[PDB]
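1. First piece of the complex, coordinates kept as in the full assembly:
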Amino acid sequence: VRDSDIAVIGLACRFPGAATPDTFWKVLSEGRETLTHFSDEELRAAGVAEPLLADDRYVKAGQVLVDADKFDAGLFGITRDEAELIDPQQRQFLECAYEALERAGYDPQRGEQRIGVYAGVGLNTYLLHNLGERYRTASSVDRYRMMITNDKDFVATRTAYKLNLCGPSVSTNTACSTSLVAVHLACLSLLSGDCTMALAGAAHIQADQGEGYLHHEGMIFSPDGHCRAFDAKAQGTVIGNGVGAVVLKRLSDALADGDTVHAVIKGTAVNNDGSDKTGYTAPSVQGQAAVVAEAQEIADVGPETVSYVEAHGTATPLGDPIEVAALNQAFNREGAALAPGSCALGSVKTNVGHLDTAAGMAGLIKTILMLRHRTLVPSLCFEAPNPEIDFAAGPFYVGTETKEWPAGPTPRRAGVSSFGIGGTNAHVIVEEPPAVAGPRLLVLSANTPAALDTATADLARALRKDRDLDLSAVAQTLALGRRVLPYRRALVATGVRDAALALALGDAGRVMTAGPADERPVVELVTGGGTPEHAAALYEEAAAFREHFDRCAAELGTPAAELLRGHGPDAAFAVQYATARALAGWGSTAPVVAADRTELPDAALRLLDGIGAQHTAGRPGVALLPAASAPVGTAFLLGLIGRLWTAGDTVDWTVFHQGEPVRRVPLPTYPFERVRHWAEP
């Protein structure tokens, strides 16, 4: 574990045909093109002019992001009017960043982590088209409100403000290479100590997606909507729509904290072509070759140890041979040719098109998934190599199969390239990640009942589909790594299968649900016989209980072993008092009601005075003792916490999970309400 290695500890994406990493992996491993073909009816509905449809140069297809118009404004405390004004690219980036942090297992509203964010969005066609006329005929006040909801500057800071990211929050833009430049700056920030975690990401969404495009020979776009990277029939790409983000942390920190490591960034490099090329928009062999070599040098990774490269890969007749010539030059720099056919080459642009500002996210996230799965996937629309590409001069070949990624003398390593219009180039070196008994309280919360139900079904489903999940990790991730919201649910479970079923059934006997309407509860210290089996179980199983019980027995003047065996009022008091103090230590602020104190010793009376126990409440009461023939021990205590917490009591989950190693794991992400917010031009 090198000092400079950066872990990818979470990620998220909404790309054409894939709203999550799991569905993206399905697109990739199944070798599918996500191109949408538009009917004439759909194009007419979209206001495409009739001469345009008739034109044989017009391409009736696109790479669309479904529900780009949807946004859960309520969750983010944003009004309808404001949601409508905000560029969909910024809305989608905000939800995507939320998802990435969720998958990482970190709730930035809690904890001491300092989280930065580097992000960029594409050309704001929402402002130009949908809000265009609105802008030029508006007051300075309303123009100002449109500026802070639409200018590029605000994508990173809106996210910082709404998610609570206190590290550097910077909008970074270099056109098609924006994604990997953001990744580069995030890593630089992390290594310099600006922050302890960082998001890096990008969004590109055309306000008029859903329409086709006119083919022009002087431009990068293909005549048929297909992107045939490295193929002899390569004729360009299709602009796509999408958004992606990764969460980054020093690898040593990630391992120490017990995070899931999806992959390791070994090094990154960024440069610019400068002047020495035939035009501002022209490609450059030398600029590309240099940034690849620079990234490998920084990563301390020899070119012969790289076994996959994710090319920028736009399928232009000029650009494809240049990209391979540049890779050959970089890879062969330390001598002569590497073994032919020894490094796979591919382009996700063949699946989802060219995501512009977000292209590098689609490329990096594909490569991360391949590495985590130790699985190579196809580059599509490849039938025969472009004769002008000099494959024989180097190690590259275009992989067209889903298959095991063969082991090598080093861990599996990949390169990821992204080259922008304007000549800023980026290359990132990524490595596969290093190799990796009682009941638990599972807690869920959402901003609406409907969201809570969906989240419950999602978790149930995820739990059924992976039995290998550790219930501990699931409980910890849910408690520590999810926003604390008003509609709440909880369940005490004995294992993953058990949990899956209980959550699916929704049977109130086990599944506790409460919301902001329900009354804040009190804990009731009752009379009743002792509970020796229950007392002994908590004493053995719960360290916090054991502490306060020992100290309570000291005050009462009786040995702990005596009280734990006892059936009398002193014993019943002790168990309940110790439970109440353990709850308090875990952050509970529920009042303790002790309504009947007659048959209690003076010491018990003082202890009740010390914690300021009320004599009554003016509020639902939760008993501190199990009912007869109810579950006892830790199962009871966890159910108690669950009942209080769902009803709005405070719990400090960090303190609650103190005594154990925490392991954060990927679980389903928030079911954002699909509310349409769209300004009509």
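-> The structure has been received and is ready for your questions. Residues are numbered from 1 along each chain as shown, chains lettered A, B, ... in the order given.
2. Okay, buried residues for stretch A:188-196 please.
-> A:189-190, A:194-196 (16 or more other Cβ atoms under 10 Å). C-beta here means a position set from N, CA and C on the backbone, and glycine is covered the same way.
3. looking at the sheet around residue A:115, what are its partners?
-> residue A:197 (DSSP bridges).
4. re the thing from before, output the buried residues of stretch A:188-196 as JSON lines; include the columns distance to residue A:502.
-> JSON lines is the format used below for the buried residues of stretch A:188-196 (distance: Cβ to Cβ, whole Å):
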{"residue": "A:189", "distance to residue A:502": "43"}
{"residue": "A:190", "distance to residue A:502": "40"}
{"residue": "A:194", "distance to residue A:502": "44"}
{"residue": "A:195", "distance to residue A:502": "39"}
{"residue": "A:196", "distance to residue A:502": "36"}
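5. Output these in TSV, with distance to residue A:551 and secondary structure appended to each entry.
-> Shown next, in TSV, are the buried residues of stretch A:188-196 (distance: Cβ to Cβ, whole Å; DSSP: H, G, I helix; E, B strand; the rest coil):
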residue	distance to residue A:551	secondary structure
A:189	47	helix
A:190	44	helix
A:194	45	coil
A:195	41	coil
A:196	37	coil
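6. you'd agree residue A:221 is up against residue A:212?
-> No - here residue A:221 lies out of contact with residue A:212, judged by Cβ atoms under 8 Å, at a distance of 10.5 Å.
7. where do the contact lists of the two overlap?
-> Common neighbours of residue A:221 and residue A:212, counting by Cβ atoms under 8 Å, 6 or more residues apart in numbering, are residue A:59.
8. Among the buried residues of stretch A:188-196, which one lies nearest to residue A:261?
-> Closest approach between the buried residues of stretch A:188-196 and residue A:261, by Cβ to Cβ: residue A:190, at 14.5 Å.
9. Find me whatever residue is spatially closest to the closest one, sequence neighbours aside.
-> residue A:198 (5.5 Å; Cβ to Cβ, 6 or more residues apart in numbering).
10. Next one: that neighbour from residue A:362, what distance?
-> Separation of residue A:198 from residue A:362 (Cβ to Cβ, to the nearest Å) stands at 20 Å.
11. Give me the more crowded residue out of those two.
-> The neighbour comparison of residue A:198 against residue A:362 (other Cβ atoms under 10 Å) goes to residue A:362, with 31 against 28.
12. In contact with that one: list those residues for me.
-> Here residue A:362 is in contact with A:13, A:15, A:240, A:242, A:244, A:348-349, A:352, A:355 (criterion: Cβ under 8 Å, 6+ apart).
13. Which stretches in the stretch 301-450 of chain A count as strands?
-> Along the stretch 301-450 of chain A, the stretches classed as strands by DSSP state E, counting those that start in this stretch are A:308-310, A:343-346, A:375-376, A:396-398, A:403-404, A:413-419, A:424-431, A:440-446.
14. extra chain here, label it chain B:
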Amino acid sequence: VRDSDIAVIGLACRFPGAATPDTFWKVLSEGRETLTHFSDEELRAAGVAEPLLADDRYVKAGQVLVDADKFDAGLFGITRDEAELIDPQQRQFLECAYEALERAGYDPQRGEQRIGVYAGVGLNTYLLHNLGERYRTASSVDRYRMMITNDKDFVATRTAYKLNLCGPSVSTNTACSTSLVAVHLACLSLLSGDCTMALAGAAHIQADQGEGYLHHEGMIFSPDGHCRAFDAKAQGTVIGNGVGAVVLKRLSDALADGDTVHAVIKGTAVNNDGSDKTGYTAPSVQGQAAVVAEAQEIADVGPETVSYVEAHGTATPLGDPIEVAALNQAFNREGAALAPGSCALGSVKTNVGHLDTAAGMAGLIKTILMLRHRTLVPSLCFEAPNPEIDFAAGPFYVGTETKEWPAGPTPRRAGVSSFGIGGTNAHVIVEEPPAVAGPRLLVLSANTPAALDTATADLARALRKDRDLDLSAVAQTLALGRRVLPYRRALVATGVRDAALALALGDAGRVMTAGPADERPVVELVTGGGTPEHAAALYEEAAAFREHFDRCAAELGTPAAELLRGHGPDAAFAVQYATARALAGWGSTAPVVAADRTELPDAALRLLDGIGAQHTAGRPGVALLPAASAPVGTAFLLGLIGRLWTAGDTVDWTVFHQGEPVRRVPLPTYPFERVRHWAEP
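-> That brings us to chain B, laid onto the chains above:
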């Protein structure tokens, strides 16, 4: 000299009332407000509606950037149609960056330096207003051309492409704090080794500057166009227009290379407020306090050693007390209160208004000039302290005088703050810079005759006004640190006064001028007697001559001392041959013509064959020997180089200046042609 210290080795600015650093220092030291008041006639000319003029809330004033519409497209190889399309913010940033590199003394078209650029521009109102209708009714091809000439992404890369910057070139945007964030990332890049030099800067230009504004109580803008920072009558600021850039290099490198150090950046910090504040646009004491403390810690600078702070300083009733409360908290963090009245506080927004994206450049450059001049300057419109500001809790007081900056126990140190809408905060620690015989060839070149004449007058003027300038440094800076352009001029001078006069007079006897029209010249090796005084002078004074003369004497079979004394044809040959070889070693590619070889020895014939001397030219001839009663020695040789170079011969000025330490110094910057490029809405 700490490893992490960064030198500011050049800078440039066009702010209201100041098109250069020198004129900016005049605004600052003279305590002037650059606010422009608009007549009703001017406002009407600008298309301001009549109800608007009548409105008593309307403020008929602004902080305008003169000639924001002007751009030397020819110099940058840009067509008229393209120049018109490019956002004026990007045009102005491009010219400003050129100026900054010129003042630093580096021509990025030559040399091995790797230069990065981090820059941001403000809201593109040129695209929205001037090109708005044009965009929505244009083809996809023309929309694409408007995108690459107007989107934020392209400001840094356009500059990289047109100036030849091959380091990371990144557009960075965080609203009002953009400038110092760019500076922060440039320093991070430099310290990480992305590059060896870096530009950082920003431009903010409203397409409708020249109009007034309507006052709204819910906004940051003052009712009278004055910005009364920290005053009891503080009521906000005025939006301004401007552009600035700095050139950064590791301090150790700068000193080693002999650069001018204008100031030293000791440390920088960037953070974001996150969620814990009352609104997205609200201020935050804690965010500000943290970034100031973080910057000082990183700089290893104790708060008690800081004697000036350049505040964000926007003069809002809420914001001013908050900024001082935050500074107090940061400065007092290591104990109790520092001495009252011991650190000056000011805001350049009181001079030039709020330059938005460029505000931090105006603040940083003011602070750099103060430090270089060891002179404090006034913060304006300060009559009585705002009662709500807790000055007494800390060391701060508002300085209102131009006066010597008192020496202290450490070098003079300042802080510079910039806080953005969206909550990204930056603070930079700056320190004063460390303490610092023959003829010379001065070379000038421009892209037009008119520009060449203006540049000549400018240099003449600058030379008159500083006699302390070292002629050496002037010659080196001009030769190594200026773009090589087609209309050329040169002068051999014996000192600064001499140069100043010769350049002003323009007398062809001394001042050589030539352009692309003039013929590429040849050097002529003539017959004629020896020139013993001339030979001995070059031998003594020019190492390159001495080398080739020694070797030529070896070939001829005669001792060098004999030939240097000689009057014969062998001696005349030797001196001319050695001069020709010295020119070749300095990169000359002018043909050598030896038309009359009769009375030359065989050895001389072989030597002429070896360099492939022509027997004639089919071209003006320049003699390799001084004419009788002409200047001799180094003066002659330099005049020779000048004649060839002005006529288009190649010279490698790096090789030419090899044997000596180079010192780059500020000289006047390029006289960009004032051509208007402005799209009509």
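15. Go back to the buried residues of stretch A:188-196, now with chain B?
-> For stretch A:188-196, a neighbour-count test (16 or more other Cβ atoms under 10 Å in any protein chain shown) marks A:188-190, A:194-196 as buried.
16. now that stretch: how far from the chain's centre is it?
-> Relative to its chain's centre, stretch A:188-196 lies at 20 Å (Cα atoms, centre = their mean, to the nearest Å).
17. Let's see it as CSV, backbone CA atoms only.
-> What follows is stretch A:188-196, C-alpha atoms only, in CSV (Å, rounded to 0.1, in the frame of the first residue of the first chain):
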residue,chain,number,x,y,z
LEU,A,188,-4.0,16.1,-5.9
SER,A,189,-6.3,17.6,-3.2
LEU,A,190,-6.3,14.4,-1.2
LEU,A,191,-2.6,13.9,-1.4
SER,A,192,-2.0,17.5,-0.4
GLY,A,193,-4.4,17.3,2.6
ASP,A,194,-7.1,19.7,1.4
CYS,A,195,-9.5,16.9,2.5
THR,A,196,-9.8,13.3,3.7
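18. who's in contact with that stretch?
-> A:4, A:6, A:113-116, A:118, A:167-168, A:197-198, A:248-250, A:253, B:185, B:188-189, B:191-192, B:194, B:269-271 (Cβ atoms under 8 Å, 6 or more residues apart in numbering or on different chains).
19. ok, of those residues, which come out buried?
-> If we count by 16+ other Cβ under 10 Å, the contacts of stretch A:188-196 have these buried: A:4, A:6, A:113-116, A:118, A:167-168, A:197-198, A:248-250, A:253, B:185, B:188-189, B:194, B:269-271.
20. which strand residues sit across from residue A:424 in the sheet?
-> Bridge pairing for residue A:424 - DSSP bridges - gives residue A:272.
21. tally of neighbours for it?
-> Neighbours of residue A:424 under the rule other Cβ atoms under 10 Å in any protein chain shown: 33.
22. isn't there a helix covering residue A:463?
-> Yes - with DSSP: H, G, I helix; E, B strand; the rest coil as the criterion, residue A:463 is part of a helix.
23. In stretch A:133-150, which residues are buried?
-> A:134-135, A:143-144, A:146-150.
24. do the same with stretch A:607-626
-> A:607-608, A:613, A:617, A:621-626.
25. Present those as a markdown table; the columns should include distance to chain B and secondary structure.
-> Shown next, in a markdown table, are those (distance: Cβ to the nearest Cβ, whole Å; DSSP: H, G, I helix; E, B strand; the rest coil):
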| residue | distance to chain B | secondary structure |
| --- | --- | --- |
| A:607 | 37 | helix |
| A:608 | 37 | helix |
| A:613 | 34 | coil |
| A:617 | 33 | coil |
| A:621 | 35 | strand |
| A:622 | 32 | strand |
| A:623 | 38 | strand |
| A:624 | 35 | coil |
| A:625 | 40 | coil |
| A:626 | 40 | coil |
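26. Save those residues as CSV, and put in distance to residue A:567 too.
-> Shown next, in CSV, are the buried residues of stretch A:607-626 (distance: Cβ to Cβ, whole Å):
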residue, distance to residue A:567
A:607, 20
A:608, 21
A:613, 23
A:617, 28
A:621, 23
A:622, 23
A:623, 17
A:624, 16
A:625, 12
A:626, 14
